[PDB]
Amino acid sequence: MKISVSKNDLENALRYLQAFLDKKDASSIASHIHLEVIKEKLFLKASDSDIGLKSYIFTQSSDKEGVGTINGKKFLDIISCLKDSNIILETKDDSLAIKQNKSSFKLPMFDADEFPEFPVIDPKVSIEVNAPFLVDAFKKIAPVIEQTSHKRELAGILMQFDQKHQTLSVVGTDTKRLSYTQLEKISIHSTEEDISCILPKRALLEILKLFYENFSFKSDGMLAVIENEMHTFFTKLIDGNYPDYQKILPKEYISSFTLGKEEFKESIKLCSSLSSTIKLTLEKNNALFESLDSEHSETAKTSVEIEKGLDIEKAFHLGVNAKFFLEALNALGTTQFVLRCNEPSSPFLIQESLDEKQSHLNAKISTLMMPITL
């Protein structure tokens, strides 16, 4: 192996690959990145059976093609200490030499056959993603997903494909809040009419680092593979049947109040200094907030005026988890939000203002939430 590459190209590829390495035992191949030069490209990959990344960068010059490995952490540390000019990488019998002007480094390579095979699938489902809407939905939904949840399938995010109606539904929950969206007019190529892929939280968080728009998503009902111009990412799916979210959603809502998002954030944040739960009191022209499960002797109260009068005969009292209410508001792209309610003891919905209106670039995430009693 012998090549020249751009320092910036190489450093960037190495940063992304860090999260796929077990870095603590430097003597194990699990701490190494597999290297392969083929034609005018350097391929770098770090993976195991469950999750992995294969990246590539263009060579500036190419002299010998071949394979090798190198400790990924030490490789990034070295490159980040160099100038922004080309770097010469060259093997010397199970050792990689790294050269930039007057600086030179040797690191040992391991057997490249000890690296696991990068998997390849025959897809049952595939889409092209040319806009930010899907990763937006992933980013907005992620905070409600618990990796340690009891129900196996709730520890990841749900992607439910309806190729008949051309919708991709994206759903996450911890049983206390459920956040969802239904992305429209998605060109879904599938052998099945309805197929479900559950991505583990771990993999979801890596997808947010690696992709934005202009990538493909493919799956065979076992693995998910995602690819853009630079990267090929894969993860194993979570096996099982994610519960039907549409049967959990209430049919109708008695009341639907249009309220100020930032005003509600401020007030809830303010009251949550002393308590994880809050008592919300909605009147015709006011919203009152009080700390609820604070230690005794501690109180925090505030209110806010509602100019555009709510349809409230009396006074609606709702106990809410502060953090969960905030995160639901944080997932909304509008300046106002709709709070849809039945009784104080039953689930309530938080969603954007004009949620039925169609969007292109971003997802609209709605959140159903169990209230606190009293």
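In case it trips you up, residue 1 is the first one in the sequence shown, and so on. Basically, rigid core = biggest C-alpha set you can superpose within 1.5 Å across the two forms.
- After a core fit, the C-alpha atoms in 5 other deposited structures of this protein lie farther on average from the shown form in one of 154-162 and 93-101, namely 93-101.
- For 250-258 versus 69-77, the mean Cα distance to the shown form in 5 other deposited structures of this protein after rigid core alignment is larger for 69-77.
- Omission of residue 357 is seen in a third or more of the other entries compared for this protein where the adjacent residues are built.
- 137-145 and 163-171 differ in mean CA B-factor, and the higher of the two is recorded for 163-171.
- Stretches 323-331 and 342-350 differ in mean C-alpha B factor, with the higher average recorded for 342-350.
- As recorded in the entry, 120 carries the highest CA temperature factor of 205, 197, 79, 120.
- Between the residues 267, 219, 187, 71, the entry's highest C-alpha temperature factor is the one at 187.
- Among the modelled residues of the chain, residue 308 sits in the highest third by CA temperature factor in this PDB entry.
- Per-chain ranking of the deposited C-alpha B factor places residue 34 in the lowest third.
- Split the chain's modelled residues into thirds by C-alpha temperature factor. Residue 179 is in the lowest one.
- Remark: residue 95 belongs to the highest third of its chain, ranked by C-alpha B-factor as recorded.
- Per the deposited record, the Cα B-factor of residue 152 falls in the highest third when ranked against the other modelled residues of its chain.
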